[PDB]
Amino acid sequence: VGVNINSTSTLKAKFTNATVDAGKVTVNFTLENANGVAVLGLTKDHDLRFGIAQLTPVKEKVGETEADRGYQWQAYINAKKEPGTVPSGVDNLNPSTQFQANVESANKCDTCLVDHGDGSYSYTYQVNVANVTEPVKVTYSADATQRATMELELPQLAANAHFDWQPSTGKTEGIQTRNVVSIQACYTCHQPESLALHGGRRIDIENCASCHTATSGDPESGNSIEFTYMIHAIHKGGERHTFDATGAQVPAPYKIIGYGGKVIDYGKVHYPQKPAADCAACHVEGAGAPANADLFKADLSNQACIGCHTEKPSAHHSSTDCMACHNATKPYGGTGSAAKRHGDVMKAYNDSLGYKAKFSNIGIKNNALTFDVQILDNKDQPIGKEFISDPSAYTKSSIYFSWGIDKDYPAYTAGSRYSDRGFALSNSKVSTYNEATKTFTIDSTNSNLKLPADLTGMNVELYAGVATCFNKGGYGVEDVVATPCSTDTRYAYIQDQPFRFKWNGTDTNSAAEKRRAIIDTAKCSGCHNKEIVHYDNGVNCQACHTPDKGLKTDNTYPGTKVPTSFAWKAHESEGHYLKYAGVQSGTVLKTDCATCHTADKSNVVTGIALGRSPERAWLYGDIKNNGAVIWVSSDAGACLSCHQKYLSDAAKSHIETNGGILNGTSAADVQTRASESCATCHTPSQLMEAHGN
């Protein structure tokens, strides 16, 4: 007739209805598995807890007036907490008495929970919601929306459930809500486990909001743990700063002190988004978005701003009433609302999404490469050289010519390096600017380019690693627009696809051969947003960062020599493996190859398919012979982008027994002795399972 709770591998809790009788709350809910079969045997002695809160309209008296704060969750269960253990030698703390909302455990009431034997249950709260005054007062209103929450922790799973309803009417639809964000936006950056918080027993956003209330804080740090403030502060991370009385910028890390005085220092957090002002990463709007998704522009909260900017966001700030000056209805002189000012930041990047390069007159003059190039805005109009950016003296807006782009791009040797195939628009030796057409003419004559003997049949590419200058928002600045580069401007890379074709000697109309699918760049962009690190015209890093690219010195690494390949840069990046980095939440784990690599509709990681480029030879350093230049076969070198440092003898023999090379003197040497059969066993599916997926 049903299935026992202590045996079921899946569980779904659903509230059906709720009732309030003179402060007495009774909720009704059902338990079911994935198939929908009733789950029986839930007792009070299971890790079963319940919360109850009101969505209360809040006004705040700020001086001689009241400001609307919208609706805030107020739990009926709160406790007053004096600070427990506070660690010493830890800065940025201010221990003080704080309130904390809580749930009530069912095991405290012998007659509160009823099993109906059919998969449905009824729970009567131990708290009376009619007159809660201490330690935190909640003025009950039957017209106000109430939220019941339940959390359940079993051996095999943890479950949450919530229920919003209006007591006066019994409506669950068409009532005041505070549905702002969705867990799906969080999952764009977060491993689901990294958001299974506390015991791993708290999963749903609605549960978070029910307990992380505006009146709650951490006693041992003195920090607010209000849902909005906390999440903002956390993600501002190491970029959270403030200004003292002298007007100097000082770090303001958000720290939470917990059990035994342990320190979670969110100053260690590095938010991956560039720029970091795009609210939409969490505040998603559109079809299927939460009802109140536009609350981040309602301008009803100062705490919300303070979460990221603190109370002194500049040397010139003195008042803390953020909404008095930063709003849309009646802004302060010289400034604007958050939406507008944050909008100013985004403007340059949003514009650059419509910026592209137009190539023309491609050919050969005196056995040298030549071509014309224009840089277009989002009106399809050319921009002057004054707007073209040179970010540094070593990083310049340049055009990069590539060949063998369907394989692994040109080899890193004299004449075919990124620096040999690149041409800066500001370098008069190779670049000439026509002012009447706003067009650059490039000639490879005065360079170190070693063009292949015959380009016929080759899949070539012209890549525009180009950025454009824009002004910044600020006092009295109404609009952010393209601005000739200066000491006060900022740059943003243009965003287009590299121009690719098959060389025939006559035209650029013949399509080029496609390279294998390796990574899904939309995944890259999901976490990083507009740009990643440098040369951020899309994700075309593999044009410079080749498998045979020169070794780099890293004194913290065995042999003091590390590769510089694209795969290495991504596989080795600290933020891609947050197990012992950051706050160790495992938010990003490189072990999950589907984080970056291409996967089909059936969730098969096709991007890590082996043996698709047998002719490839990687460049590594021998961790024994002081980072001595060695050469590694195709599939092995892909594995050694993570496995090199702690590599065992048996593992080495495993490579070699199966056709692998780990001691080449050259690439040709490798191709001679290489005969890999790795794709027979190490398949995409078994590689995922081997890494814990």
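In case it trips you up, residue 1 is the first one in the sequence shown, and so on.
As recorded in the PDB entry, 406 to 414 is the stretch of 313 to 321 and 406 to 414 with the greater mean C-alpha temperature factor.
As recorded in the PDB entry, 442 to 450 is the stretch of 67 to 75 and 442 to 450 with the greater mean C-alpha temperature factor.
Per the PDB entry, 244 shows the highest C-alpha temperature factor of the residues 244, 285, 278, 164. Across the residues 388, 362, 181, 541, the deposited record lists the maximum Cα B factor for 362. In the deposited entry, the Cα temperature factor of residue 632 places it in the highest third of its chain's modelled residues. Sorting the modelled residues of the chain by their CA temperature factor places residue 600 in the highest third. Among all modelled residues in this chain, the alpha-carbon of residue 45 has a temperature factor (C-alpha) in the middle third. Among the modelled residues of its chain, residue 104 has a C-alpha B-factor that falls in the lowest third, as given in the PDB entry. In the deposited entry, the Cα temperature factor of residue 384 places it in the lowest third of its chain's modelled residues.
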